[PDB]
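Reading through the structure tokens given below for one structure.
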Amino acid sequence: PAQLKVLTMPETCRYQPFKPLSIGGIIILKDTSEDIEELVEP
Amino acid sequence: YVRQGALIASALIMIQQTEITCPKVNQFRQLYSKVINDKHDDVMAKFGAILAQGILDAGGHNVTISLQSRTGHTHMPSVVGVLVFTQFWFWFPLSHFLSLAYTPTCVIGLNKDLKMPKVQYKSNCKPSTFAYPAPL
Amino acid sequence: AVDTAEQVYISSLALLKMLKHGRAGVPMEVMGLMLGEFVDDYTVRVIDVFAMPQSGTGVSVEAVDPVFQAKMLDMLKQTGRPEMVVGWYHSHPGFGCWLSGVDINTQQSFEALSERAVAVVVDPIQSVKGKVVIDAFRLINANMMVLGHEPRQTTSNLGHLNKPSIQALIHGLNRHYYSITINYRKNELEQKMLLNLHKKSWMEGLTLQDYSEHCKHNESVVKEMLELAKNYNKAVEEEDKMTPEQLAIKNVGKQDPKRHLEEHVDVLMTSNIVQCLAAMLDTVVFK
Amino acid sequence: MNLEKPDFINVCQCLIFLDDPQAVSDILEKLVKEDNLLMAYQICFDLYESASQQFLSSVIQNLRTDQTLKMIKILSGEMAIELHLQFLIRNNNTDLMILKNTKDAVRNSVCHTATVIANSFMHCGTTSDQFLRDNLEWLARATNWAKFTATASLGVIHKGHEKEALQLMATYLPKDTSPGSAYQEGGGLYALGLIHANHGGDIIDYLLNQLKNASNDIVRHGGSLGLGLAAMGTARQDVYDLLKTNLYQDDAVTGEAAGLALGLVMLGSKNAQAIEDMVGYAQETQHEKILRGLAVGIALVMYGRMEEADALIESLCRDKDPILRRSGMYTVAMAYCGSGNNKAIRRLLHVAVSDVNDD
Amino acid sequence: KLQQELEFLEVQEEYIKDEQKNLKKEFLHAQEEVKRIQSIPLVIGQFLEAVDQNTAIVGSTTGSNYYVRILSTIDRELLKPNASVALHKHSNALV
Amino acid sequence: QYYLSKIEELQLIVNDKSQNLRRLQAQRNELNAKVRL
């Protein structure tokens with residue numbers, strides 16, 4: 001959370017959070033645009 | 001036994017944090033490195049030093065033991081896990097219950113149940129470092 | 001071949017028998033066997049111990065008479081409480097926490113007889129005011145050293161306050177296997193009985209003693225503090241203007257402000273008021 | 001809670017201060033019925049993250065009896081643990097040089113055990129045993145003392161990976177491999193508990209079943225600790241009876257594990273029957289292993305009480321036995337943790353500075 | 001905000017003052033506990049000279065000149081260089 | 001915010017007291033450590 005304090009939210013990206021990006025935790029992402037993209041496998 | 005307890009405590013305070021929090025972080029890490037390489041120390045002092053090094057580098061700056069929760073309450077499983085680990089004077093072989101005290105952090109953006117989105121975040125504050133500095 | 005951070009629940013009366021037997025046979029290095037039982041591997045408990053006269057031969061296995069030991073054991077079984085023999089004790093005025101060559105040999109014979117037969121070194125002469133030494137160890141075979149040495153098992157308990165003596169380190173004992181931690185059976189109905197009854201001062205706090213030796217004691221007190229007068233005098237003219245701590249370190253005198261502190265004056269003050277209050281309390285009682 | 005917009009943070013958090021497991025179960029049901037994916041999904045994790053034992057179990061029971069199956073799975077946390085595992089696989093960081101200099105620091109003392117634990121702490125959740133396997137093989141000379149710590153090291157590296165780590169530890173069957181090294185079997189059970197940590201239900205069941213059908217020599221130590229680890233706070237009847245039978249049989253060699261398991265199963269329950277059984281057994285027995293394990297059991301027998309712990313610990317931490325003093329304050333310390341409880345801190349510091357008893 | 005913050009603040013600071021004040025009785029007792037130093041019949045080995053503080057060289061009557069530690073109870077007030085002094089029986093320490 | 005300031009002053013009074021009580025306890029404990037040494 002200290003790193004989150006100095007963190008900057010990238011609003012330029014297609015993904016925007018519903019839960020505020022100020023406190024660490026799990027957040028569900030909003031239903032993205034049609035023809036879903038941006039998939040990663042960590 | 002006080003010296004090894006201080007080393008374990010100084011390691012526990014320094015988990016998951018780099019030198020940005022305090023310039024002494026690198027000094028203590030090199031202190032832990034030189035005492036674990038110093039094999040002429042006492043058995044108990046060396047034992048706690050190595051446990052200090054293990055808990056400090058627990059998972060490779062990946063997992064951490066924290067009593068603070070998301071809303072700030074105590075995480076009782078972690079509390080007793082530290083209690084059992086602290087109870088090395090009673091029984092060192094019985095003091096290995098700390099594995100349940102793992103409290104990792106993650107900012108997830110999982111919209112689906114299986115699909116993992118490319119939820120990515122940025123940073124712009126220069127005095128901030130983490131994610132495996134690789135000291136030695 | 002398992003010897004963890006073992007602890008001995010030695011009993012207080014066993015201690016008293018040890019000190020009495022050592023005080024009786026001081027220069028003779030009197031021998032005895034610690035009457036204990038292995039309730040398990042490492043929580044050995046000793047409730048009783050006996051005193052045996054060392055034979056004229058010296059430290060020998062035959063000095064501990066087998067028939068006499070057997071008759072003593074039968075007497076304990078009939079009257080008292082039976083207890084096994086898994087240890088021995090010996091007043092050791094010669095040197096410290098280690099065992100002499102003959103002591104090692106007779107302990108080896110005891111180890112052959114018993115399972116451990118702990119080697120306990122109690123020094124009757126070094127124990128004078130505050131420190132009594134009771135160190136227990138085990139003799140090992142040659143196999144323990146060629147395998148992973150330091151038979152001290154994997155735990156962080158016997159490393160607490162484990163300071164073997166330098167003479168014990170260079171002997172095999174206290175170095176062959178480990179040093180056994182000691183514990184005292186300070187159980188209640190036993191410990192509360194000792195503190196309440198043995199150290200008995202219950203109506204002796206009513207003593208008055210106004211001036212039995214105190215008029216001349218006050219004369220001495222005034223004279224001693226007159227010396228403090230000169231000392232606290234000497235200080236005020238020293239009192240140099242160069243950070244007087246600099247002067248004090250190289251010119252220590254142990255004067256009233258430095259070493260003969262206010263605590264000594266408090267002792268004199270407490271002595272006076274105590275006699276005052278006791279005399280005044282009984283004065284109002286005198287009705 | 002009554003705000004028109006069902007915001008996540010206010011309704012998840014306020015309901016647990018007021019202790020309304022039924023109400024938060026009802027709102028989750030309405031979110032499931034309306035199929036508000038963001039609201040229902042986020043609130044369920046937030047309930048899982050912010051609530052604790054006896055709360056999340058109550059809510060899921062009232063929720064079970066459109067997204068109900070998803071809420072049940074995510075409240076159980078298996079997906080969250082799996083996400084932690086996969087992150088621990090990806091962003092894991094190991095230091096080979098630190099593995100070697102610890103191996104250099106290996107000596108005949110207990111220090112070699114420390115090195116193995118430290119390397120395993122660095123290798124936690126790697127699902128790959130080559131460096132650690134070689135280190136264990138190199139240190140496979142001082143057994144019958146260091147197996148318990150070595151199997152602890154294997155437990156932490158393969159924790160929460162019962163799909164394959166169960167077989168990886170099952171490759172150490174004790175009877176045929178080594179009868180002489182009696183800690184081979186106790187290490188096997190101990191790693192099973194550590195590997196299957198954060199896993200209950202069927203995990204509790206086969207642990208207790210094999211603990212019923214086994215010896216009482218060494219297997220009971222790791223098995224009881226693993227049983228309590230899987231049944232943390234459950235206090236289910238079958239494990240409690242086994243633990244009570246083990247405790248009152250006066251099997252002192254295992255009573256340390258039995259007492260530790262008692263605390264885990266009565267984690268936070270404030271069971272007056274449990275504490276009186278623990279206290280009563282303390283005066284009856286005079287074994288250090290029993291005392292230390294019973295010290296653990298009384299330590300985590302309750303937390304967050306603030307109504308009974310103050311009087312209970314004033315009676316227990318004052319008691320004759322220093323172990324009872326140490327365990328008594330363990331209870332009050334974690335029963336008043338989370339807030340600056342003046343009375344608890346008063347008693348905690350008073351026993352620190354007044355009595356000279358070292359324990 | 002700061003109203004209750006200072007309220008609780010007053011409480012906590014006040015508590016640690018009294019709690020830490022409770023040990024002075026314990027520590028006066030401890031200070032009076034450690035001053036036993038045997039308090040028992042001593043012996044004589046003549047002092048050679050006070051080399052420094054906390055270090056000294058004494059000569060027992062049989063010779064056996066060995067370095068000892070000088071306690072702070074007695075010092076230069078009667079620590080003349082070559083006068084006969086008293087030392088513990090089994091400790092041989094300057095008293 | 002007036003009872004605020006009054007309580008701060010009473011906080012300040014106690015904190016000034018508690019400075020030396022900690023220091024007195026620490027220095028005497030050092031003395032006990034010295035005599036034990």
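Here, A, B, ... name the chains of the structure tokens in the order displayed, residue numbers run from 1 inside each chain, and ligands are numbered from 1 in the same displayed order.
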
Need the shell around residue 25 in chain A: protein/DNA/RNA residues with any atom at most 9 Å away, counting only C-alpha atoms. Skip same-chain ones fewer than 6 positions apart. Format as a PDB file with N, CA, C and O atoms, in the first residue's frame?
ATOM      1  N   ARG B  70      -6.727  -6.015   5.133  1.00  0.00           N
ATOM      2  CA  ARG B  70      -7.214  -5.011   4.191  1.00  0.00           C
ATOM      3  C   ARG B  70      -7.978  -3.903   4.907  1.00  0.00           C
ATOM      4  O   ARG B  70      -7.816  -2.721   4.585  1.00  0.00           O
ATOM      5  N   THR B 105       0.326  -9.906  -1.247  1.00  0.00           N
ATOM      6  CA  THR B 105      -0.449  -8.786  -1.759  1.00  0.00           C
ATOM      7  C   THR B 105      -0.568  -8.890  -3.273  1.00  0.00           C
ATOM      8  O   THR B 105       0.324  -9.416  -3.948  1.00  0.00           O
ATOM      9  N   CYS B 106      -1.682  -8.389  -3.802  1.00  0.00           N
ATOM     10  CA  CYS B 106      -1.933  -8.408  -5.236  1.00  0.00           C
ATOM     11  C   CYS B 106      -3.111  -7.498  -5.549  1.00  0.00           C
ATOM     12  O   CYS B 106      -4.116  -7.513  -4.835  1.00  0.00           O
ATOM     13  N   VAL B 107      -2.976  -6.711  -6.614  1.00  0.00           N
ATOM     14  CA  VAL B 107      -4.039  -5.840  -7.102  1.00  0.00           C
ATOM     15  C   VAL B 107      -4.606  -6.504  -8.351  1.00  0.00           C
ATOM     16  O   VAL B 107      -4.080  -6.335  -9.456  1.00  0.00           O
ATOM     17  N   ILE B 108      -5.686  -7.248  -8.178  1.00  0.00           N
ATOM     18  CA  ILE B 108      -6.229  -8.110  -9.218  1.00  0.00           C
ATOM     19  C   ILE B 108      -7.258  -7.341 -10.033  1.00  0.00           C
ATOM     20  O   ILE B 108      -7.917  -6.420  -9.540  1.00  0.00           O
TER      21      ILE B 108
ATOM     22  N   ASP D  46     -14.667  -9.129  -0.627  1.00  0.00           N
ATOM     23  CA  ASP D  46     -14.469  -8.141   0.427  1.00  0.00           C
ATOM     24  C   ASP D  46     -14.993  -8.656   1.759  1.00  0.00           C
ATOM     25  O   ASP D  46     -14.406  -8.386   2.813  1.00  0.00           O
ATOM     26  N   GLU D  49     -12.268 -11.122   2.715  1.00  0.00           N
ATOM     27  CA  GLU D  49     -11.044 -10.473   3.172  1.00  0.00           C
ATOM     28  C   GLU D  49     -11.226  -9.830   4.543  1.00  0.00           C
ATOM     29  O   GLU D  49     -10.342  -9.928   5.402  1.00  0.00           O
TER      30      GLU D  49
END

Output as a PyMOL selection string the set of chain E residues within 8 Å of chain C, with distances taken over only C-alpha atoms. chain E and resi 38+72-77+90

Could you take the residues named above and write them with N, CA, C and O atoms, as a PDB file, in the first residue's frame?
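The new file again_33.pdb reads:
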ATOM      1  N   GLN E  38      28.963 -11.653  48.698  1.00  0.00           N
ATOM      2  CA  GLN E  38      29.370 -12.596  49.743  1.00  0.00           C
ATOM      3  C   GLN E  38      29.182 -12.035  51.146  1.00  0.00           C
ATOM      4  O   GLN E  38      28.607 -12.705  52.006  1.00  0.00           O
ATOM      5  N   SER E  72      33.978  -0.833  42.673  1.00  0.00           N
ATOM      6  CA  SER E  72      33.855   0.601  42.898  1.00  0.00           C
ATOM      7  C   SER E  72      33.569   0.956  44.351  1.00  0.00           C
ATOM      8  O   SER E  72      33.538   2.147  44.683  1.00  0.00           O
ATOM      9  N   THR E  73      33.354  -0.037  45.217  1.00  0.00           N
ATOM     10  CA  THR E  73      33.051   0.249  46.616  1.00  0.00           C
ATOM     11  C   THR E  73      34.229   0.913  47.319  1.00  0.00           C
ATOM     12  O   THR E  73      34.044   1.855  48.098  1.00  0.00           O
ATOM     13  N   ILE E  74      35.448   0.441  47.059  1.00  0.00           N
ATOM     14  CA  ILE E  74      36.650   0.958  47.699  1.00  0.00           C
ATOM     15  C   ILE E  74      37.617   1.430  46.619  1.00  0.00           C
ATOM     16  O   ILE E  74      37.733   0.806  45.558  1.00  0.00           O
ATOM     17  N   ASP E  75      38.287   2.547  46.880  1.00  0.00           N
ATOM     18  CA  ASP E  75      39.139   3.189  45.885  1.00  0.00           C
ATOM     19  C   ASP E  75      40.133   4.094  46.611  1.00  0.00           C
ATOM     20  O   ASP E  75      40.372   3.930  47.813  1.00  0.00           O
ATOM     21  N   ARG E  76      40.709   5.050  45.869  1.00  0.00           N
ATOM     22  CA  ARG E  76      41.846   5.864  46.297  1.00  0.00           C
ATOM     23  C   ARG E  76      41.751   6.373  47.734  1.00  0.00           C
ATOM     24  O   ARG E  76      42.790   6.643  48.347  1.00  0.00           O
ATOM     25  N   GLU E  77      40.542   6.508  48.289  1.00  0.00           N
ATOM     26  CA  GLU E  77      40.409   7.003  49.658  1.00  0.00           C
ATOM     27  C   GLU E  77      41.236   6.181  50.640  1.00  0.00           C
ATOM     28  O   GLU E  77      41.732   6.717  51.637  1.00  0.00           O
ATOM     29  N   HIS E  90      37.636 -16.889  48.710  1.00  0.00           N
ATOM     30  CA  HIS E  90      37.763 -17.713  47.519  1.00  0.00           C
ATOM     31  C   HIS E  90      37.824 -16.887  46.243  1.00  0.00           C
ATOM     32  O   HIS E  90      38.085 -17.443  45.170  1.00  0.00           O
TER      33      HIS E  90
END

Backbone DSSP call of strand (DSSP E or B) for chain A, listed as a ChimeraX atom specification: /A:7-8,17,26,29,39

So which residues touch residue 144 in chain D within 9 Å, counting only C-alpha atoms, skipping near sequence neighbours fewer than 2 positions away, as a PyMOL selection string? (chain C and resi 2+153-154) or (chain D and resi 142+146-148+180-184)

Could you please take those selected residues and save C-alpha atoms as a JSON list (two decimals), in the first residue's frame?
[["chain", "number", "residue", "atom", "x", "y", "z"],
["C", 2, "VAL", "CA", 18.93, -40.00, 21.55],
["C", 153, "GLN", "CA", 19.71, -32.72, 19.16],
["C", 154, "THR", "CA", 17.87, -30.28, 16.88],
["D", 142, "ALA", "CA", 22.55, -36.19, 10.79],
["D", 146, "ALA", "CA", 16.91, -32.79, 11.87],
["D", 147, "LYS", "CA", 14.14, -34.64, 10.02],
["D", 148, "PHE", "CA", 11.41, -32.59, 11.72],
["D", 180, "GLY", "CA", 15.69, -47.19, 12.59],
["D", 181, "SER", "CA", 15.29, -43.46, 11.90],
["D", 182, "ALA", "CA", 12.04, -43.18, 13.83],
["D", 183, "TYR", "CA", 11.40, -39.57, 12.75],
["D", 184, "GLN", "CA", 10.93, -40.67, 9.12]]

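The list of chain A residues within 6 Å of chain B is residues 6, 7, 8, 10, 24, 25, 26, 27, 28, 29, 38, 39 and 40 of chain A; this uses only C-alpha atoms.
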
Within 9 Å of chain B, which residues of chain C show up? Give each one with its shortest atom-to-atom distance in Å (one decimal) and the two atoms involved, counting only C-alpha atoms, rows by chain then rising residue number, as JSON lines.
{"residue": "C:154", "atom": "CA", "partner": "B:93", "partner_atom": "CA", "distance": 6.7}
{"residue": "C:155", "atom": "CA", "partner": "B:92", "partner_atom": "CA", "distance": 4.6}
{"residue": "C:156", "atom": "CA", "partner": "B:92", "partner_atom": "CA", "distance": 5.1}
{"residue": "C:157", "atom": "CA", "partner": "B:89", "partner_atom": "CA", "distance": 5.0}
{"residue": "C:158", "atom": "CA", "partner": "B:89", "partner_atom": "CA", "distance": 8.7}
{"residue": "C:159", "atom": "CA", "partner": "B:44", "partner_atom": "CA", "distance": 6.4}
{"residue": "C:160", "atom": "CA", "partner": "B:1", "partner_atom": "CA", "distance": 7.0}
{"residue": "C:161", "atom": "CA", "partner": "B:1", "partner_atom": "CA", "distance": 8.9}

Looking only at alpha helix (DSSP H) from DSSP on the backbone, list the matching residues of chain A as a VMD selection string. chain A and resid 2 to 5

Those selected residues, please, written with C-alpha atoms and delivered as a PDB file, in the first residue's frame.
ATOM      1  CA  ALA A   2       2.937   2.368   0.513  1.00  0.00           C
ATOM      2  CA  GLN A   3       3.946   1.638  -3.083  1.00  0.00           C
ATOM      3  CA  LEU A   4       0.304   2.187  -4.051  1.00  0.00           C
ATOM      4  CA  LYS A   5       0.491   5.613  -2.388  1.00  0.00           C
TER       5      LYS A   5
END

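Interatomic distance, CA of residue 122 in chain D against CA of residue 61 in chain B: 8.8 Å.
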
What gap, in Å, lies between CA of residue 287 in chain C and CA of residue 207 in chain C? 18.2 Å

Contacts from chain E to chain F, 10 Å maximum, only C-alpha atoms: show me the residue list as a PyMOL selection string. chain E and resi 1-37+71

Export C-alpha atoms of the chosen residues as a PDB file, in the first residue's frame?
ATOM      1  CA  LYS E   1     -10.418  14.606  14.907  1.00  0.00           C
ATOM      2  CA  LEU E   2      -7.741  16.061  17.172  1.00  0.00           C
ATOM      3  CA  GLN E   3     -10.206  16.268  20.084  1.00  0.00           C
ATOM      4  CA  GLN E   4     -10.451  12.513  20.662  1.00  0.00           C
ATOM      5  CA  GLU E   5      -6.952  11.924  19.256  1.00  0.00           C
ATOM      6  CA  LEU E   6      -5.571  13.968  22.143  1.00  0.00           C
ATOM      7  CA  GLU E   7      -8.053  12.361  24.524  1.00  0.00           C
ATOM      8  CA  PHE E   8      -6.748   8.862  23.865  1.00  0.00           C
ATOM      9  CA  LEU E   9      -3.257  10.314  23.606  1.00  0.00           C
ATOM     10  CA  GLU E  10      -3.506  11.608  27.161  1.00  0.00           C
ATOM     11  CA  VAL E  11      -4.671   8.196  28.321  1.00  0.00           C
ATOM     12  CA  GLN E  12      -1.852   6.227  26.707  1.00  0.00           C
ATOM     13  CA  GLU E  13       1.003   8.532  27.671  1.00  0.00           C
ATOM     14  CA  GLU E  14      -0.384   8.639  31.183  1.00  0.00           C
ATOM     15  CA  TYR E  15      -0.456   4.855  31.328  1.00  0.00           C
ATOM     16  CA  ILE E  16       3.164   4.265  30.303  1.00  0.00           C
ATOM     17  CA  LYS E  17       4.306   6.879  32.827  1.00  0.00           C
ATOM     18  CA  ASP E  18       2.758   4.983  35.742  1.00  0.00           C
ATOM     19  CA  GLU E  19       3.582   1.537  34.330  1.00  0.00           C
ATOM     20  CA  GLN E  20       7.241   2.451  33.826  1.00  0.00           C
ATOM     21  CA  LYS E  21       7.061   4.135  37.237  1.00  0.00           C
ATOM     22  CA  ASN E  22       6.058   0.783  38.755  1.00  0.00           C
ATOM     23  CA  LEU E  23       9.505  -0.756  38.134  1.00  0.00           C
ATOM     24  CA  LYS E  24      11.498   1.740  40.225  1.00  0.00           C
ATOM     25  CA  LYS E  25      10.399  -0.195  43.315  1.00  0.00           C
ATOM     26  CA  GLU E  26      11.447  -3.353  41.479  1.00  0.00           C
ATOM     27  CA  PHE E  27      14.745  -1.771  40.435  1.00  0.00           C
ATOM     28  CA  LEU E  28      15.522  -0.302  43.852  1.00  0.00           C
ATOM     29  CA  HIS E  29      14.850  -3.827  45.112  1.00  0.00           C
ATOM     30  CA  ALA E  30      17.074  -5.211  42.344  1.00  0.00           C
ATOM     31  CA  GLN E  31      19.834  -2.715  43.173  1.00  0.00           C
ATOM     32  CA  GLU E  32      19.597  -3.750  46.828  1.00  0.00           C
ATOM     33  CA  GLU E  33      19.449  -7.370  45.617  1.00  0.00           C
ATOM     34  CA  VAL E  34      22.758  -7.426  43.726  1.00  0.00           C
ATOM     35  CA  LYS E  35      24.750  -5.938  46.634  1.00  0.00           C
ATOM     36  CA  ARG E  36      25.541  -9.213  48.368  1.00  0.00           C
ATOM     37  CA  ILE E  37      29.177  -9.660  47.320  1.00  0.00           C
ATOM     38  CA  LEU E  71      35.088  -2.981  42.641  1.00  0.00           C
TER      39      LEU E  71
END

Out of C:239, C:187, C:248, C:102, which residue has the shortest atom-to-atom distance to residue 284 in chain D when counting only C-alpha atoms?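 Closest to residue 284 in chain D, using only C-alpha atoms: C:187.
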
Can you pull out the residues contacting range 54-68 of chain C? Cut-off 10 Å, using only C-alpha atoms, and skip same-chain residues under 4 positions away; I want them as a ChimeraX atom specification. /C:25,28-33,72-74,90,100,102-103,105-107,109-110

Can you write out the residues you just picked, keeping N, CA and C atoms, as a compact mmCIF listing (two decimals), in the first residue's frame?
# COMPACT_ATOMS: atom_id res chain seq x y z
N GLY C 25 31.73 -34.73 54.50
CA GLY C 25 32.94 -35.23 53.88
C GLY C 25 33.58 -34.26 52.91
N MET C 28 37.27 -35.38 51.39
CA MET C 28 37.33 -36.79 51.05
C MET C 28 36.73 -37.12 49.69
N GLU C 29 36.11 -36.15 49.02
CA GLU C 29 35.45 -36.38 47.73
C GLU C 29 34.43 -37.50 47.85
N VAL C 30 33.53 -37.37 48.83
CA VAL C 30 32.59 -38.43 49.13
C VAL C 30 31.69 -38.71 47.93
N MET C 31 31.25 -39.95 47.82
CA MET C 31 30.51 -40.43 46.66
C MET C 31 29.06 -40.70 47.03
N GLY C 32 28.23 -40.81 46.00
CA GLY C 32 26.83 -41.14 46.16
C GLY C 32 26.20 -41.36 44.80
N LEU C 33 24.98 -41.89 44.83
CA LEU C 33 24.24 -42.18 43.61
C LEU C 33 22.90 -41.46 43.65
N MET C 72 19.56 -50.93 51.43
CA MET C 72 19.03 -49.57 51.47
C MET C 72 17.82 -49.42 50.56
N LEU C 73 17.89 -50.00 49.36
CA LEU C 73 16.75 -49.94 48.45
C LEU C 73 15.54 -50.64 49.03
N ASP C 74 15.74 -51.80 49.66
CA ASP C 74 14.64 -52.51 50.28
C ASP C 74 14.03 -51.70 51.42
N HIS C 90 28.59 -36.47 43.25
CA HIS C 90 29.91 -36.53 43.87
C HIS C 90 30.38 -35.12 44.20
N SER C 100 37.26 -36.49 36.94
CA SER C 100 38.60 -37.06 36.93
C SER C 100 38.61 -38.38 36.16
N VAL C 102 39.39 -41.43 37.14
CA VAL C 102 38.71 -42.50 37.85
C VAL C 102 37.20 -42.26 37.87
N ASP C 103 36.78 -40.99 37.98
CA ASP C 103 35.36 -40.67 37.93
C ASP C 103 34.76 -41.04 36.58
N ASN C 105 35.88 -43.46 34.66
CA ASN C 105 35.85 -44.92 34.60
C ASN C 105 34.65 -45.49 35.35
N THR C 106 34.41 -44.99 36.57
CA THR C 106 33.28 -45.50 37.34
C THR C 106 31.95 -45.06 36.73
N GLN C 107 31.93 -43.90 36.06
CA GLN C 107 30.72 -43.50 35.35
C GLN C 107 30.49 -44.36 34.11
N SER C 109 31.26 -47.54 34.01
CA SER C 109 30.65 -48.74 34.59
C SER C 109 29.18 -48.51 34.91
N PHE C 110 28.85 -47.32 35.44
CA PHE C 110 27.46 -46.99 35.70
C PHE C 110 26.65 -46.93 34.41

Tell me, as a ChimeraX atom specification, which residues lie within 12 Å of residue 27 in chain B, counting only C-alpha atoms; anything in the same chain fewer than 5 positions away does not count. /B:10-11,14,18-19,22,32-34,135

Give the answer as one residue: which of B:31, B:114, B:2, B:9 has the shortest atom-to-atom distance to chain D, using only C-alpha atoms?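 Among B:31, B:114, B:2, B:9, it is B:114 that comes nearest to chain D.
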